[PDB]
Amino acid sequence: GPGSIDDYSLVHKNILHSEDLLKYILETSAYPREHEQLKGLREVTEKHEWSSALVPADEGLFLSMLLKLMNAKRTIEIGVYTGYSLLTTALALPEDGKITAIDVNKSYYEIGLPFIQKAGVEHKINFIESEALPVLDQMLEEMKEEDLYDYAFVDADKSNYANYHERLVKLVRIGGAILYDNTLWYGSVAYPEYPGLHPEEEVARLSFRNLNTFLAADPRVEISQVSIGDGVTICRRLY
Amino acid sequence: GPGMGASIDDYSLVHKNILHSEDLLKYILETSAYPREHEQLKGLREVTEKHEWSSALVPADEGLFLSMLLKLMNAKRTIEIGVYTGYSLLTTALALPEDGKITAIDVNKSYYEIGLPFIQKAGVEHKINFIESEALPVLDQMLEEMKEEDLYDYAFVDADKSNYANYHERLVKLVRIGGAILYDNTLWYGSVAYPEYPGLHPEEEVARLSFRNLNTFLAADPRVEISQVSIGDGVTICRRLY
Ligand SMILES: Nc1ncnc2c1ncn2[C@@H]1O[C@H](CSCC[C@H](N)C(=O)O)[C@@H](O)[C@H]1O
Ligand SMILES: Nc1ncnc2c1ncn2[C@@H]1O[C@H](CSCC[C@H](N)C(=O)O)[C@@H](O)[C@H]1O
Ligand SMILES: O=Cc1ccc(O)c(O)c1
Ligand SMILES: [Mg+2]
Ligand SMILES: [Mg+2]
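Order-wise, the sequence lines are chains B and A.
So the first sequence is residues -2 to 0, 4 to 239, counted in the deposited numbering.
Quick note on the deposited numbering: the second sequence kicks off at -2 and runs consecutively.
Written as structure tokens, this is what we have:
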């Protein structure tokens, strides 16, 4: 995966019933409200080999709306890539907000870093080039309740979401939000079997079918799976 | 529509969905919505599915989305415009704290009394002040009576589709700064995606033209930030800026 695209199958599949409907949403409601630096970051990223992993613009405004409605101040971003969702979070947070951004590939982050800097929000970002799980485990033993996160966006290795979940249910405050990206996996999760996939795509597809069942039965959180982008599952920590 | 006007016979969009397949929608509902649906919401939905205007019912996956927004923003005083049998109203009452208060407005209280037994069994009727009237006269009277200390945290708009713009001009002053106004059906079964659309009854066509104007207007409204979400039949969240 990101971190070749020639071998993947689902990258061009929609979950909406037509390209024209998605194009309407983006042109009517998303692009007119997209920050100029988000537009620049998106446009260079669409030329990249792994542009299919890019968080779409309509989902980005949805993430920003969640952040502002819940008055988020300290967040964690797992899976940065070129930094579209990271820049979305940094622009939504107040001037003194803080983000812990984790990704195994900092070179991806440096593609979007000039746009993050021009938006004047780089100071809010503490980027850590590493695999997410050791970072989350290190946090679990250093984290005190005063520094729990308000918000967590999970968008890294798809087969590792369940492992991320067991850490984040303790790293996010009570009432905070944990968001999992791609939980519908281009709609491929709607069937027990789905032919024609790359082996990595099938691993992710099975991982999401298991995760969606688990999150629906997890009493520690309340959930809401949203049919936006590639599917986003919002979980709110109950206790 | 359900409030007044044409029959359900003349509606042509009711069986469509904005997702690429009913199988994907069925998966979302069976995996993520129904296992989290309150027992009284399930009962309210099941009796509403047999009503003539079942197509106007807020789906279960969107219901949990509305409930999540209410809790993440810590809403306490909300206004519900367009009640029908009360699925979205019961979702709100269950999500709010026990001292939460809702102003619910609908032109037809008979619809509301269909779901009232489930609201009462849930034990949250004490949060609801139901007003049987057209929404706009109630909203206009509120603006003359509303203290700034009494501004609403959250508004759900789901009444006559052709009148959303008039509701908007009132609600941007009835909801607090940083509060949420939510407009339902802003995608109108995908029919808003084209300038012209064939074969719609006048009520459905006027609503389609109204949503196309509203979506363009809300995207240019400096009083709010917006987020159009492709859930249900499209929900546009607006957060008041000033
Ligand atoms: N084990 C791991 N730990 C941390 N990051 C990982 C990881 N495995 C993959 N990733 C990263 O997760 C990213 C997924 S693409 C994420 C897209 C991004 N959220 C956006 O807004 O567009 C890739 O950049 C990849 O480098
Ligand atoms: N002008 C008006 N003022 C107030 N309510 C109206 C109205 N015009 C129509 N309505 C009501 O708005 C409702 C739309 S159906 C709303 C569905 C409901 N929110 C749910 O959760 O399922 C109808 O019941 C109709 O009676
Ligand atoms: O009036 C018809 C209608 C159809 C679908 C809806 O979601 C709704 O609120 C109303
Ligand atoms: Mg993703
Ligand atoms: Mg509706």
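Even for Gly, the Cβ is constructed at its ideal location relative to N, Cα and C.
- Per DSSP, the continuous alpha helix (DSSP H) segment holding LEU66/B begins and ends at 57 to 69.
- The C-alpha of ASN105/B lies about 9 Å from the C-alpha of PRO(-1)/B.
- The C-alpha of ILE116/B is placed about 12 Å away from the C-alpha of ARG42/B.
- Looking at the DSSP output, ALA152/B sits in a beta bridge with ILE76/B and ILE178/B.
- Using a CB distance cut-off of 9 Å, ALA204/A does not count as an interface residue toward chain B.
- When distances are taken from the beta-carbon of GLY83/A to the heavy atoms of ligand 2, the shortest one is below 8 Å.
- By the neighbour-count definition (other C-beta atoms within 10 Å, threshold 16), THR89/A is a buried residue.
- These are the residues, in chain order, with a beta carbon less than 7 Å from any non-hydrogen atom of ligand 4: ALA53/B, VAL55/B, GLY79/B, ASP155/B, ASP181/B, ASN182/B and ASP230/B.
- Distance from the C-beta of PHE115/A to the nearest heavy atom of ligand 1 is not below 8 Å.
- DSSP assignment within the segment 100 to 150 of chain A yields the following whole beta strand (DSSP E) runs of 3 residues or more, N-terminal first: 125 to 129.
- If the five residues before and after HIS198/B are omitted, its C-beta is found closer than 7 Å to the C-beta atoms of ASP7, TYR8 and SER9, all from its own chain and listed in chain order.
- Taking 8 Å as the cut-off, one finds at least one heavy atom of ligand 1 near enough to the beta carbon of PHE153/B.
- Beta-bridge annotation (DSSP): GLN225/A is paired with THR233/A.
- Counting the other CB atoms within 10 Å of its CB gives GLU59/B a total of 16 or more, which places it among the buried residues.
- Here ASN163/A has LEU133 as same chain residues with Cβ atoms under 7 Å from its own Cβ, once five neighbours each way along the sequence are excluded.
- Nearest to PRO56/A by alpha-carbon distance, out of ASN71/A, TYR81/A and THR75/A, is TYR81/A.
- Within the same chain, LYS98, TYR149 and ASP150 come within 6 Å of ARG74/B by CB-CB distance, once the 5 residues on both sides are set aside.
- Taken through DSSP and simplified to helix, strand or coil, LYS158/B comes out as helix.
- Non-local beta-carbon contacts of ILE111/B in its own chain, meaning distances under 6 Å to residues more than five positions away in sequence, involve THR82 in chain order.
- In terms of Cα proximity to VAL154/B, the closest of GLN37/B, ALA101/B, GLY187/B and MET139/B is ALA101/B.
- Scanning chain B for C-beta atoms nearer than 7 Å to the C-beta of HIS17/A yields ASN14, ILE15, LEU16, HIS17 and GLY187, reported in chain order.
- Residue-level contact check: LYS158/B does not touch chain A, since none of the beta carbons of chain A fall below 9 Å from its beta carbon.
- In this model, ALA177/A and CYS235/A are separated by some 6 Å (Cα to Cα).
- Secondary structure of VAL203/A (DSSP, three-state): helix.
- By the rule that beta-carbons nearer than 9 Å mark a contact, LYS68/A touches chain B.
- The C-alpha of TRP185/A is placed about 37 Å away from the C-alpha of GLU200/B.
- Pairing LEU238/A with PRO219/A gives a Cβ-Cβ distance under 9 Å.
- The bridge partners DSSP lists for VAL172/A are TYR149/A.
- When rounded, the separation of the alpha-carbon atoms in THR28/B and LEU61/A is 26 Å.
- In terms of CA proximity to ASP103/A, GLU77/A leads the group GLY196/A, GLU77/A and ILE25/A.
- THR213/B reaches chain A at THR28, counting residues in chain order whose Cβ is nearer than 7 Å.
- For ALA177/B, the residues of chain A that pass the 7 Å Cβ criterion are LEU69, in the order they occur in the chain.
- Each residue's CA atom was taken as its position, placing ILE174/A and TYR180/A some 17 Å apart.
- At least one C-beta of chain A is nearer than 9 Å to the C-beta of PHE62/B.
- Not one heavy atom of ligand 2 falls within 8 Å of the beta-carbon of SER227/A.
- The residues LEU133, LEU136, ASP137, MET139 and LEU140, in chain order, have a CB closer than 8 Å to that of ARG167/A in the same chain once the five nearest residues on each side in sequence are set aside.
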